[PDB]
Structures are given as structure tokens and as C-alpha cells.
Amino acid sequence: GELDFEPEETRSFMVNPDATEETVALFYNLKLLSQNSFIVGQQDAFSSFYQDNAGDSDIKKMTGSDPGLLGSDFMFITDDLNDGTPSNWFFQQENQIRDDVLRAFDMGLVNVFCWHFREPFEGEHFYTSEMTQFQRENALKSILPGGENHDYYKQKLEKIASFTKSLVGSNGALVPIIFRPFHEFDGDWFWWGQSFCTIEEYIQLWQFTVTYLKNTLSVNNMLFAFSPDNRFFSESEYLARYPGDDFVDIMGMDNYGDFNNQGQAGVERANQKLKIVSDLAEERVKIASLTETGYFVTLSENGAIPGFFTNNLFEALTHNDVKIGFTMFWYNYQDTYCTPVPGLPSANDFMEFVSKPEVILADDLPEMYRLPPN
């Protein structure tokens, strides 16, 4: 693979040119490997398992290798009831997340965090179907400067910052994380969604958040990822609520709908939308990504899609010279899986997929946190 800039210049293409050396290396190495390959990871790979069969990650049970990327969530870390102490269940979750992230970094994996941020008035729900009309219509407005919950929101960012700056690997370096907040904002299922705020409000929230974390709180081990769901067909629509090249490192999208038993038509839609992201990332010197995907199987309800991984997902990720740094599956949980373990339908198909040269799991990860010389 080849890039149009030298490693030593990477800082000039980053939201935070003062990032730690390992965070700069992560940006460079993701951009470089995206020319012809991509990392595959999974949300909660070290703590959430099909049928709660704990031990190795399900991807390692299946393939023999851990995933190349671990997804985690700030949800429990920012809960109103997380008091930081050992008896507290939310703190126990925070500590387990921290241990899994440090384990991932020590093994060389990439770490991505999303944030299922419970709305600020009562702190109980992030899904709009579960909150009141008043909460839906006013949650995001209330956290902007001038909003009645703005100081509350600053305190949540301060907790994200203190957690993030606490992540020290076994090598003594801070763990770089990709932070992907306010995702899927083109849908209506979260309170930061498009029916509940204007374009200007969403962009103001994004810019305030990046600047407060990077500048006020001096968080230097973070890359920033922007990701709608799949509700666009053009560059202009993808960019509708984009906060600007000074505020985004990773251009992502989430896509389950085009894979949900939609045939080759859905595969084509998924590839076309990812190509838009990939084209914009090439033009703006960003990293592109399919930040969430999967086809969820619950054997008492539905079955696997024949050739899903090899013929559907892989084709969408590669056809027409798509360039992405990584993709991530959602978690496996109880009787529902989106990556198989041995003996389940889609296991062979998954093996064929992960054997493709483009796919990078833990065993074939580059040294992502070392910058090569010029």
C-alpha cells in the first residue's frame, strides 16, 4: 500500500495535531492499511458471548484468532448512578471495560468506543421510544451552551476524559481510542436524531464536544469518528450534518438494513453507500469505515443467509475499490449472534470470509502503534 503523504506529516491531517505518538501512528496505519485491507472486529468481544459461553472471544472460538478490533461503550461509564466505588455495579462494568481495553491494546488491537448516552433530564433512557415527548424534543437542545443541562453534559465529558486518560498499556503508553459519539443521528431512535434537533444544533454539539475534550480537558489519545446509519444515497446527504474536516478523523457509517434479507439489491446499496464514504475519505484525507454491521441470527426465529459473509458483506466491503480501515460487528448475546461459533449455521461461510487476504484479525495485525520512518 501507498499514501500521498509521509508518516512524519500525519499530525497535519489529524483533528488533534498534539495527539500522543501512538495515536498518530494509529491514524497513519489505519489509513495505510485501508488501501487494500481492513481490520475486522466485534463489540464486547471479550465480555459478551453466544449463549454466555465465556472464555475466548467468539471470533477466536470460531477462527483461532482474536478479532483485530474491540468495540466498547461509554454508557455505563457515564451513568448517573456510577459512583466510582467497588460495590457499585456500574463501576464494576467500567472496570471490566477498562481491563478488556488494556488487554486489547497489549495485544495490538484497535479500540473503538461508542456512547449510548442516557438522556440528561432523568438519565434512564437513550432510546426515544422509552422516554417522554418532552425529553425527546429537548434533550439535545438542553446540553448545548445555554441549555439547562450543559453543566451536566460537561461533567459527563470530564468523566470520559478522566477514564480515557487513565488507559495506560503494559508498555507505559496511553491507549489510543476512537471515539464515535452521537451515532446513527439520521434515524429517529436516539434523542440526538434528526427529528429532534436542527442541523446547526447537531453540528454545534459535535464541535463543542471535540473542542472540550481536546482543548479544555487535554485528551490527547483520541481519534474522532462520525457515523450516520444508512439513510443516504449521495455525498451531499452524507455530509448534511457533518461538522467539518477540523472535527472528524474517521468517516463511518452503520449498515444493518441493506443486509437484512435484502438480496443482491441490498448488497449493491450497501456498496454504493460505502463507496460514497470511501470517496470522501480519500478526498479529505480521512479514514473510512463501516463502523457497525451484521445480520443477526436467532435460530428459534430466523436462519442464516447463505453466503452472507463471503458473497454479501465481503462484496460490499471491496467491490469498486472501496477503501476502509475497519469494520465491526455488533455483539453476540444469549441466543442471538452475528458472528458464528463452531457448529452454527454460517460458520464455514465466516471462515471463508476471514481467510480472504483483505481481512485482518489479531493474528495478522500490523504494529498499529508504531510510526514507520519516512
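Start at 1 and count along the sequence shown; that's the residue number.
The mean C-alpha temperature factor is higher for 349-357 when 349-357 and 21-29 are set side by side. For the pair 328-336 and 310-318, the record assigns the higher mean C-alpha temperature factor to 310-318. Residue set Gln35, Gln43, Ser57, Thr63: peak C-alpha B-factor at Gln35 (per PDB entry).
For the set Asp151, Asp80, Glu184, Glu200, the PDB entry assigns the largest Cα B-factor to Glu200. When the modelled residues of the chain are ordered by their C-alpha B factor, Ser142 lands in the middle third. Among the modelled residues of the chain, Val267 sits in the highest third by CA temperature factor in this PDB entry. Sort the chain's modelled residues by C-alpha temperature factor and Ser129 lands in the highest third, per the entry. Remark: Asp245 belongs to the middle third of its chain, ranked by C-alpha B-factor as recorded. In this PDB entry, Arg98 carries a Cα temperature factor that places it within the lowest third of its chain's modelled residues.
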